[PDB]
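In the working numbering, the protein residues as written are 694 to 881.
Here a beta-carbon is modelled for each residue, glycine too, at the ideal position from N, C-alpha and C.
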């Protein structure tokens, strides 16, 4: 076939019931994730090729960056609760990997403040039980697929994108192949 299990994707031996339609996992410590966001804009290009009403979910993971990794998963939960993902994603990536100005939870907070989220509003969210459940959700979903690597994308809790098996001489061709694969898996 043109799309083969084990080539542009792999199949989970243990499919995940009730999983989000399109589920992406990343870490702000993850170098290919930085590329996926800043240079390739994967999420957005998948969205553009997805059908009628497909929700896209993106979660942060704990297994990179020790104590700051966990802070970042809580911060992403805040970002999700407040709906400010598109305002903090880039400065968090650059703060962790480019300028290396993020070294504590307080530095993460500074990113939100400078993006215009208010102190009170950040601190209340940070401490809210709604953000706690949201952190739980991120951990659960990663745990449901035994995730030991990022970036990762899962479709309908049954298929996992395999970018290693796609062409990388051309960045744009890579992204389109990636997105076309998500759409193929979507209609599977």
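Residue 806 burial status per 10 Å Cβ neighbour count (16 or more: buried): The residue labelled residue 806 in the question sits at position 113 within the chain shown. Result: exposed.
How would you call residue 822, buried or exposed, if buried means at least 16 neighbouring beta carbons within 10 angstroms? Along the chain shown, read from residue 1 onward, the residue named residue 822 stands at position 129. Residue 822 is exposed by the Cβ-count criterion.
Could you pull the start and end residues of the beta strand (DSSP E) that residue 751 belongs to? Counted from its first residue, the chain shown places residue 751 at position 58. Run containing residue 751: 749 to 753, per the beta strand (DSSP E) assignment.
Please state the DSSP three-state secondary structure of residue 846. As a position in the chain shown, residue 846 is number 153, starting the count at 1. If DSSP states are grouped into helix, strand and coil, residue 846 belongs with the strands.
Measure the C-alpha to C-alpha separation of residue 758 and residue 844 and round it to an integer number of angstroms. Numbered from its first residue, the chain shown carries residue 758 at position 65. Numbered from its first residue, the chain shown carries residue 844 at position 151. Spanning the two alpha carbons is a distance of roughly 15 Å.
Does residue 822 come out as helix, strand or coil in the three-state DSSP assignment? Sequence index remark: in the chain shown, residue 822 carries index 129 (1-based). Helix, per DSSP.
With 16 as the cutoff for other CB atoms within 10 Å, does residue 744 come out buried or exposed? Reading the chain shown from its first residue, position 51 is the one you call residue 744. By the neighbour-count rule (16 or more Cβ atoms within 10 Å), residue 744 is not buried but exposed.
Which of helix, strand or coil does DSSP assign to residue 716? Counting from one through the chain shown, the residue named residue 716 turns up at place 23. Strand, per DSSP.
First and last residue of the beta strand (DSSP E) that includes residue 853? What you label residue 853 is simply residue 160 of the chain shown in a count that begins at 1. Unbroken beta strand (DSSP E) run through residue 853: 852 to 854.
Could you compute how far the alpha carbon of residue 721 sits from the alpha carbon of residue 813? As a working mapping, residue 721 is identified with position 28 in the chain shown. As a working mapping, residue 813 is identified with position 120 in the chain shown. Cα to Cα, the separation comes out at about 24 Å.
On the CB-based measure, 16 or more other CB atoms within 10 Å of its CB, does residue 857 come out buried or exposed? Position 164 of the chain shown, counting from 1, holds the residue named residue 857. Exposed, since its Cβ has fewer than 16 Cβ neighbours within 10 Å.
Can you give me the start and stop residues for the beta strand (DSSP E) that residue 792 sits inside? If you number the chain shown from 1, residue 792 lands on position 99. That residue, residue 792, is in no beta strand (DSSP E); it is neither H nor E in DSSP.
Three-state secondary structure (DSSP) at residue 698? Sequence index remark: in the chain shown, residue 698 carries index 5 (1-based). In this structure, residue 698 counts as strand in the three-state DSSP scheme.
Is the segment 729 to 744 close to the segment 783 to 792, with three or more CB pairs under 8 Å? yes
Whole angstroms is fine: what's the gap from residue 754's alpha carbon to residue 695's? Indexing the chain shown from 1 puts residue 754 at position 61. Indexing the chain shown from 1 puts residue 695 at position 2. Distance between the alpha carbons of residue 754 and residue 695: 32 Å.
Would residue 873 and residue 866 be called neighbours here (beta carbons separated by less than 8 Å)? For the purposes of this step, residue 873 is identified with residue 180 of the chain shown, where counting begins at 1. For the purposes of this step, residue 866 is identified with residue 173 of the chain shown, where counting begins at 1. The answer is no: Cβ separation not under 8 Å.
Leaving out five residues before and five after residue 708 in sequence, what residues of the same chain have Cβ atoms less than 8 Å from its Cβ? One-based indexing of the chain shown puts residue 708 at position 15. Around residue 708: 850 and 851.
Between the alpha carbons of residue 703 and residue 811, how many angstroms are there, rounded? Indexing the chain shown from 1 puts residue 703 at position 10. Indexing the chain shown from 1 puts residue 811 at position 118. Rounded to the nearest angstrom, the two C-alpha atoms are 43 Å apart.
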